[PDB]
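Engineer: Sending over a structure as structure tokens; questions will come in a sec.
What follows is calculated from the coordinates using simple rules that are stated; it is not laboratory data. Every residue, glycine as well, gets a Cβ built from its backbone with ideal geometry; the counts of neighbours run over all protein chains shown.
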Amino acid sequence: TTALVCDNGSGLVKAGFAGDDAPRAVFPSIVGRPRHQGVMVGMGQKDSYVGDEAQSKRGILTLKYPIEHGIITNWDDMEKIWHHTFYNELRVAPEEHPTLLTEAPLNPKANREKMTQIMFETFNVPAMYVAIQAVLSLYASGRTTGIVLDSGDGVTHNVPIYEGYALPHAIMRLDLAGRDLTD
Amino acid sequence: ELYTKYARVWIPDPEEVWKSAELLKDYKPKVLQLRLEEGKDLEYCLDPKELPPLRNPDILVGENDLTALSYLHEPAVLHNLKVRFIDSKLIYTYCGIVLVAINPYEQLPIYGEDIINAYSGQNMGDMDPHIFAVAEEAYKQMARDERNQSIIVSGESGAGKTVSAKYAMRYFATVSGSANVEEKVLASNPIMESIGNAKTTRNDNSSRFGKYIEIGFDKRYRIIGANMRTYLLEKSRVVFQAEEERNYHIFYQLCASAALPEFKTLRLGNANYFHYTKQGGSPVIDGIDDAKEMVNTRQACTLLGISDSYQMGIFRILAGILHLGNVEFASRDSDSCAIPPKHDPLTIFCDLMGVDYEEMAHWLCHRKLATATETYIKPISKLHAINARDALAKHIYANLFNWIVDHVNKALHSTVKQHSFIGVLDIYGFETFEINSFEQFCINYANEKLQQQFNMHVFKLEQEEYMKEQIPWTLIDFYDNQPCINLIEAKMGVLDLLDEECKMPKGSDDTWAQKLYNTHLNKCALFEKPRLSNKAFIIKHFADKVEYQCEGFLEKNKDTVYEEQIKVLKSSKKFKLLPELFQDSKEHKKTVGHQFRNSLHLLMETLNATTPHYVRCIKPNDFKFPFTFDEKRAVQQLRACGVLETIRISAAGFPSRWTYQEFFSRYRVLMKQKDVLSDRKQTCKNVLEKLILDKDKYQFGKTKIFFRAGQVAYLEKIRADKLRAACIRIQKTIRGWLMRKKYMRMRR
Ligand SMILES: [Mg+2]
């Protein structure tokens, strides 16, 4: 069975099956709630929107990013975004597939603890792993040596690697971001 | 013990693999006084521990079935085959259910028509062995029961597998009552040889694929027609050859005809001009005219109704592959490359194919990623460009082969619905060289799978025979090469680590080998490392240990075909065939080892549907002499056909079976008149139970006695001793009585 590969961040969510050439689901990672009084009757008013829906409606909505600086800062919206990722947007039940999850280095431990607890208990994923973003960049670029510089929304971090060994004391992290560039 | 003076033993000799000897003094528990033919006398060491192979008595020698021999070992088998072949000219022989066929280079009468009618009807044992007897055993099982039947033929391609199949098909045609399957199939043979055969260091005109002919029968068992399939084609040979090898004959047959006017458009050069043909350094096979084989290939195509338009398509594509091979990349920077300006091979390739030069030049140096919303054109390293070009050549050739086979099938099919079929598999046997490589590794994995199926079939038939004869069937011992198959093919096997190392970055044959040693080196008894090197590993196969070198593996295993290069070729408008090849994703990513493992699983699905019958072919001398038997070559072929290991597996069980009356007849010389009784079965049960002490050695079946190896030789030896001593006593008495009379005559 093909494992799922899911890469969370502030900003976009990127998810797809392992062994694919490119991610199958990409959408900005937002949870949105309406802030106006619904006047029409039978509209089908909905508690909250996720992803592309929250982008289209956005003029009506408060948009909240559940990850700031690579830390999940409210777990309910993040669990909604995973629910949308597995059921709505990949349309594949998590009980079939191992899952691989991605994190910025030097994050708090509780973020990994809660993320695994939610994967095993709430989705019943048969197996899971958590990789470092910078390490994965070396696999993608086809190398086993280099200093990776990786900067998304939220965290910016350098991780040097030499013939497949990290050098933890040399890891650097910074909170310059697509987001702080936006502000 | 069984070792006495006036007994015979086999001794190892480097000139002829075994030599016969006679024992001059009886053994008693560290040296033997051994007679020979090579001088009268010799002194022979025993070794710290060993005794020589003891020789079977000459009633059993030369029997039509190797498992009639009371001792079963390499010397007895080699001798018995040699005496049948040299003395009686009986080329066919049996071993269990296998038919061993020893190829004479001389032609024989025995295939002639009448013998077909003589064998027909006869149960398999009731006649001396011949290929018609297996052809009947298949035809009879097809008629008797629902099931299709299969015939499976193995050995180095010179050995004559095709001649065996041809005569099996003549048997079917002549009994079934026909039209023109046989003539068409034998007309196809030169095509499948030209596009599928190759030249290997040990052998010219080796066949690198497994070829399966389904002879189709009506519900009335009239021959409808035939259907052809092909499996296990090795693609890697197309791009790459070892020293003193050629890739598939057709490229050389095409280059040898470069003078001809229809070819002139191809701008073909001398066969060593191109990059794919030159690498082996061996363009000319000794003693072949390639242009003549080209003319025979063309005439066979015409005889199978491939129009000259399609034949010029086929040769156009092959010349395309050749010109594609010469395309040469320059690297700009370590992660980028480009094709030089107005590069002549690419221009000729684009002209031959029709695809516009700019599109090939662009796509050969880049690949395209695309998410659903966005698409990136990405440069690629010169190495990746070369790997992609070679993967495109292998993909074109594999589809051209599948297309030519689809047309051959179009000629061979006939409209009537096939009720059941009989299917004759020509495959290659187990193969080992001074140098062994990914090709040999795949061939050996296929042979391990076939040998597993054979072992399970033999074990099933013998369990049914034991339950039939009221013996406990729990005795029979089953021998299972599944641990080797799991070593080669299971997850974190050799092939699976090779596929992982292909994709893993900065992969190499050294890091692959290191992963092998980490994964297996002491965890699996069958995997071993050669002490004096780190670039090789040893697998204990069914037949033998084989060193495989790592140096080829990752370069040969890689395929990935970039989708845009196919989309370019498919678009071409100049001629019909090139769009027609590629007509109907994930499969493009698959490595050659994975495509091979899938093709072998298809082959095993096809065979598992069917009840097998086996033929083995052995090549008795290296030089095509008409009847010379070279015991070194025949020993190597008997190991490569797994006959010797089959015989080992049999010798563990009860190989030797006797009917109670035939036993009683033979051993009435031993039997005493008080022992003779009104029930011969009880008589023999009593006499045998006295004669051989340990009941473990034998079993009483309903109608047959079973014996372990040697026990029939033991009975024959005690019979020869008793009969000799009785003859000595009577002879001395008659000599004395007559000479005593001459004494009285001199007194008178
Ligand atoms: Mg990121």
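Engineer: Just tell me how shielded B:663-672 is by partners: mean number of partner chain Cβ atoms within 10 Å of each residue's Cβ, no decimals.
Structural biologist: Numbers: counts 0, 0, 0, 0, 0, 0, 0, 0, 0, 0.
Average neighbour count from other chains, rounded to a whole number: 0.
Engineer: Using alpha-carbon pairs under 8 Å, 6+ residues apart, how would you state the relative contact order of segment A:30-183 in percent?
Structural biologist: Numbers: 216 pairs, mean separation 24.1, N = 154.
Over segment A:30-183, the number comes to 16 percent.
Engineer: For residue B:163 and residue A:74, FRET efficiency with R0 = 60 Å and r from the beta-carbon atoms, rounded to 0.05?
Structural biologist: On the way: r = 79 Å, r/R0 = 1.32.
According to the calculation, E is roughly 0.15.
Engineer: With r as the distance between the Cβ atoms of residue B:479 and residue B:584 and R0 = 45 Å, compute the FRET efficiency 1/(1 + (r/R0)^6) and round to 0.05. Write out the running numbers ahead of the final one.
Structural biologist: On the way: r = 44 Å, r/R0 = 0.98.
According to the calculation, E is roughly 0.55.
Engineer: Let me ask you something else. Quick one: putting +1 on the C-beta of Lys and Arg, -1 on the C-beta of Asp and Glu, what dipole do you get for chain B around its Cα centre, in Debye to the nearest 20? Present the calculation step by step, with values, prior to reporting the outcome.
Structural biologist: Details: 105 positive and 96 negative charges, 766 e Å.
Once rounded to the nearest 20, the dipole reads 3680 debye.
Engineer: Name the residue from A:61, B:723, B:552 whose Cα lies farthest towards the positive end of the charge dipole of the protein assembly as shown, charges +1 on Cβ of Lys and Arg and -1 on Cβ of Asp and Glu.
Structural biologist: It is B:723.
Engineer: Continuing with the same structure: Sequence-distant or interchain residues sharing an amide H contact under 5 Å with residue A:51, placed H: which?
Structural biologist: Placed amide hydrogens put A:30 under 5 Å from residue A:51.
Engineer: Could you line up B:37, B:448, B:564 from fewest to most neighbouring Cβ atoms inside 10 Å?
Structural biologist: Working: B:37 9, B:448 23, B:564 16.
Taking fewest neighbouring Cβ atoms as first place, the list is B:37, B:564, B:448.
Engineer: Between residue B:285 and residue B:147, what is the label-to-label distance in nm when each label sits 7 Å out along the Cα-to-Cβ direction?
Structural biologist: 3.8 nm
Engineer: Please report the spacing between the Cα centers of segment B:95-138 and segment B:529-557 in Å, no decimals.
Structural biologist: 40 Å
Engineer: Relative contact order for segment B:608-705: what percent, with Cα pairs under 8 Å and sequence separation of 6 or more?
Structural biologist: Relative contact order, segment B:608-705: 21 percent.
Engineer: About the Cα centre of the protein assembly as shown, how large is the charge dipole given +1 on each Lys and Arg Cβ and -1 on each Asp and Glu Cβ? Please answer in debye to the nearest 20. Walk me through the numbers on the way to the answer.
Structural biologist: Numbers: 121 positive and 118 negative charges, 987 e Å.
It comes to approximately 4740 debye.
Engineer: Assign unit charges at the C-beta atoms only (+1 for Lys and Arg, -1 for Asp and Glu), then state the dipole size of segment B:623-748 relative to its Cα centre in Debye, rounded to the nearest 20. Walk me through the numbers before you get to the answer.
Structural biologist: Details: 32 positive and 11 negative charges, 266 e Å.
The calculation lands at about 1280 debye.
Engineer: To the nearest 500 deg cm²/dmol, what mean residue ellipticity at 222 nm is calculated for chain B from DSSP H runs of n ≥ 4 alone, each contributing -39,500 (n - 2.57), summed and divided by the residues?
Structural biologist: Values: 26 runs with 330 residues, N = 748.
Computed ellipticity for chain B at 222 nm equals -14000 deg cm²/dmol.
Engineer: Say the dipole of segment B:214-332 comes from +1 at the beta carbon of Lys and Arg and -1 at that of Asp and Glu; which of B:252, B:276, B:311 then lies farthest toward its positive end?
Structural biologist: Highest projection toward the positive end goes to B:311.
Engineer: I'd like the orientation of helix A:109-122 relative to chain A: the angle between its Cα long axis and the longest Cα principal axis, in ° from 0 to 90, rounded to 10.
Structural biologist: Helix A:109-122 and the main axis of chain A meet at about 60 degrees.
Engineer: Any of B:140/B:460; B:49/B:529; B:278/B:368 with alpha carbons more than 29 Å apart? Name them for me.
Structural biologist: On the way: B:140/B:460 20 Å; B:49/B:529 27 Å; B:278/B:368 32 Å.
Beyond 29 Å between Cα atoms: B:278/B:368.
Engineer: For a protection proxy built on the mean count of beta-carbon atoms within 10 angstrom, sort A:101-111, B:623-633, A:7-17 highest first, please. Kindly include the intermediate steps, with their values, before the conclusion.
Structural biologist: Working: A:101-111: 16.2, B:623-633: 14.3, A:7-17: 19.8.
My ranking of the peptides, most packed first, is A:7-17, A:101-111, B:623-633.
Engineer: Another one. Over its Cα atoms, what ratio of radius of gyration to 2.2 N^0.38 Å does chain A give?
Structural biologist: Details: Rg = 17.7 Å, N = 183, 2.2 N^0.38 = 15.9 Å.
Normalised Cα radius of gyration, chain A: 1.11.
Engineer: Ordered by residue, what ³J(HN,Hα) values in Hz, to whole numbers, does segment B:103-114 give under the Karplus form 6.51 cos²θ - 1.76 cosθ + 1.60, where θ = phi - 60° and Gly and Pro are x?
Structural biologist: With coefficients 6.51, -1.76 and 1.60, one gets 7, x, 7, 4, 6, 10, x, 3, 5, x, 3, 3 Hz.
Engineer: Could I ask something else about it? Would you mind calculating the relative contact order of segment B:364-403 from Cα pairs under 8 angstrom and at least 6 residues apart, reporting the percent as a whole number?
Structural biologist: Numbers: 25 pairs, mean separation 12.8, N = 40.
Contact order relative to length: 32 percent.
Engineer: Along the charge dipole of segment B:564-622, which of B:606, B:571, B:596 sits closest to the positive end, that is, farthest toward it, with unit charges on the beta carbon of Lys, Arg, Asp and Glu (+1, +1, -1, -1)?
Structural biologist: B:571
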